[PDB]
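Let me begin by presenting the structure, written as structure tokens, before commenting on it.
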Amino acid sequence: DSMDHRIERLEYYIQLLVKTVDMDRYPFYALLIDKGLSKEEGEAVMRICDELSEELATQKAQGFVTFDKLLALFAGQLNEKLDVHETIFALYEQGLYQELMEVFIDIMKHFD
Amino acid sequence: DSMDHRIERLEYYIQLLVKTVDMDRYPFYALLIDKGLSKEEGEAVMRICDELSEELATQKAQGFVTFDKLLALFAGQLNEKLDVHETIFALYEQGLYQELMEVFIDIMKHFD
Amino acid sequence: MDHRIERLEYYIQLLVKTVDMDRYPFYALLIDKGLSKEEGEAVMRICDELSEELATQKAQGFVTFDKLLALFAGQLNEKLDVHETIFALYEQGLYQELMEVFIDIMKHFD
Ligand code: NA
Ligand code: NA
Ligand code: NA
Ligand SMILES: [Zn+2]
Ligand SMILES: [Zn+2]
Ligand SMILES: [Zn+2]
């Protein structure tokens with residue numbers, strides 16, 4: 001009964017605390033919480049980044065120098081609660097998947 | 001059943017995390033959590049600030065230059081769990097309701 | 001109700017990763033290792049008592065306190081590493097006197 005009220009308060013406090021996160025350091029984690037992704041969803045985003053980063057390294061080893069298709073695949077599978085640009089810049093700023101993010105930022109720069 | 005224990009743990013963790021908040025940037029959010037205010041209570045505080053800020057803007061437009069009574073109204077309706085001085089300084093430091101807070105801080109300097 | 005709690009547990013896991021480790025490594029440690037409130041409090045109580053024992057022995061003229069670290073390692077929650085906990089407590093500014101004595105002892109024996 002009141003266990004629900006305890007949980008609501010905790011939910012309110014997380015909403016307050018995420019507002020105190022240094023956005024220059026952990027914007028991606030702030031994004032996950034702010035957009036309400038579950039653990040499964042958050043992990044699914046990372047797996048997409050893992051696989052596309054691994055595909056990028058593989059293609060580079062094979063002599064590929066353009067990887068525009070990787071961004072389209074990313075955009076096509078990324079959780080719809082998230083914005084592509086916003087997620088990429090957040091991952092980038094938090095220091096995650098650097099190689100892949102720099103490639104995505106480069107591609108967006110060419111087409112935006 | 002055992003859902004109580006997992007919640008108790010989360011409550012402990014929020015208590016630890018609020019202690020890690022940069023008090024020069026988010027003292028007001030820290031105060032809400034530290035004093036145990038519910039979401040409804042936190043929002044009620046913001047609503048008082050909204051209305052007194054709007055009353056202040058309205059009185060300034062009408063030519064008033066003193067607004068001492070706004071602090072008495074604030075102090076009389078502010079949630080009992082909070083200290084007037086502490087709340088005002090917290091709101092001020094976090095950058096919220098600047099106009100109203102500066103007026104409140106001025107009034108307090110004249111009467112404290 | 002279970003799913004809401006699970007999400008909060010995930011968010012706490014995310015938030016603890018945003019903690020400034022130069023300022024609150026000990027609190028980050030408690031959360032990261034999953035200690036309950038009672039466990040967290042029990043750690044502080046061990047530090048309280050050994051800090052008090054240290055102040056007491058200093059007053060009596062003792063100048064070596066190696067045994068205090070052994071007592072600490074012997075009672076400290078098994079979920080925590082001794083070195084890691086001491087450095088986290090030290091860096092967060094807690095039990096300064098006791099931690100400096102522990103760090104000194106470790107330097108002599110590590
Ligand atoms: Na799709
Ligand atoms: Na009243
Ligand atoms: Na033991
Ligand atoms: Zn893989
Ligand atoms: Zn209004
Ligand atoms: Zn004692």
Side-chain angles (χ1 to χ4, degrees), chain A residues 1-47 49-50 79-83 85-98 101 105, chain B residues 1-50 78-83 86-98 101:
Chain A
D1 300 309
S2 72
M3 182 166 284
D4 165 53
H5 294 305
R6 288 169 72 193
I7 296 177
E8 292 187 308
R9 222 144 63 65
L10 289 178
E11 295 174 315
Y12 176 50
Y13 294 162
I14 291 305
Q15 302 173 54
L16 291 183
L17 291 172
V18 72
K19 250 56 190 171
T20 75
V21 172
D22 180 352
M23 298 299 279
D24 290 339
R25 293 203 309 160
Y26 308 100
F28 177 63
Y29 286 169
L31 185 67
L32 294 176
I33 299 169
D34 186 64
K35 301 299 181 172
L37 274 64
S38 68
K39 182 195 184 73
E40 289 63 45
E41 290 177 301
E43 288 169 337
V45 172
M46 300 299 279
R47 292 292 298 114
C49 296
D50 293 332
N79 189 303
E80 57 196 315
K81 295 171 188 170
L82 301 174
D83 173 69
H85 282 77
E86 185 168 32
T87 304
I88 288 170
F89 291 125
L91 287 164
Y92 179 67
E93 287 306 322
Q94 189 162 321
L96 296 169
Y97 303 104
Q98 188 179 317
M101 292 311 107
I105 286 163
Chain B
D1 208 57
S2 176
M3 181 170 277
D4 189 300
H5 295 298
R6 293 208 303 162
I7 296 176
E8 270 180 350
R9 201 130 143 295
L10 290 176
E11 289 171 327
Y12 175 52
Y13 293 165
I14 288 306
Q15 299 174 176
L16 296 181
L17 288 179
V18 70
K19 292 290 175 268
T20 72
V21 173
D22 186 337
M23 297 298 278
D24 295 316
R25 294 167 64 217
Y26 302 102
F28 177 60
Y29 286 168
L31 185 68
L32 294 175
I33 298 168
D34 187 67
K35 299 304 188 173
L37 271 67
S38 76
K39 179 176 188 175
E40 290 63 46
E41 289 177 302
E43 296 175 329
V45 174
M46 300 300 281
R47 290 296 295 121
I48 290 168
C49 295
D50 294 331
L78 182 70
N79 189 298
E80 290 166 59
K81 295 166 184 170
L82 307 171
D83 175 66
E86 181 171 38
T87 302
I88 287 168
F89 290 128
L91 285 163
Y92 182 64
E93 288 311 315
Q94 192 164 317
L96 297 168
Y97 303 105
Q98 194 189 316
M101 293 309 104

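Proteins come first, then strands; the chains are lettered A, B, ... in the order of their sequence lines, and each starts at number 1.
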Please classify the contact of [X] with chain A as side chain, backbone, both or neither, using a heavy-atom distance under 4.5 Å.
{"X": "B:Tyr29", "answer": "both"}
{"X": "B:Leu37", "answer": "backbone"}
{"X": "B:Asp4", "answer": "both"}

Note to self: Using a 6.0 Å cut-off, check whether atom NZ of B:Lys81 has over 12 heavy atoms from anything other than its own residue.
What the structure shows: yes
Check: When you look at OH of A:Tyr92, are more than 12 heavy atoms from neighbouring residues, nucleotides or ligands closer to it than 6.0 Å?
Finding: no
Margin query: For chain A, which candidate among B:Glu40, B:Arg25, B:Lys39 shows the most heavy-atom pairs at distances under 4.5 Å?
Written below: B:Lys39
Item checked: Test log, rule side-chain contact (heavy atoms from CB on, under 4.5 Å), inputs B:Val18 and A:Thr20 -> CA-CA 10 Å; B:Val18 70; A:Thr20 75; over 6 Å; no
Notebook entry, point to check: Nearest 0.5 Å, what's the CZ-CG distance between B:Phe28 and A:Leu16?
Noted result: 8.5 Å
Note to self: So which atom in A:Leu17 and which in B:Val21 form the shortest heavy-atom distance, rounded to 0.1 Å?
What the structure shows: CD2-CG2, 3.8 Å
Note to self: What residues of residues 5-13 of chain A make heavy-atom contacts with chain B at a cutoff under 4.5 angstrom?
What the structure shows: A:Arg6, A:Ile7, A:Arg9, A:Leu10, A:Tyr12, A:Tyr13
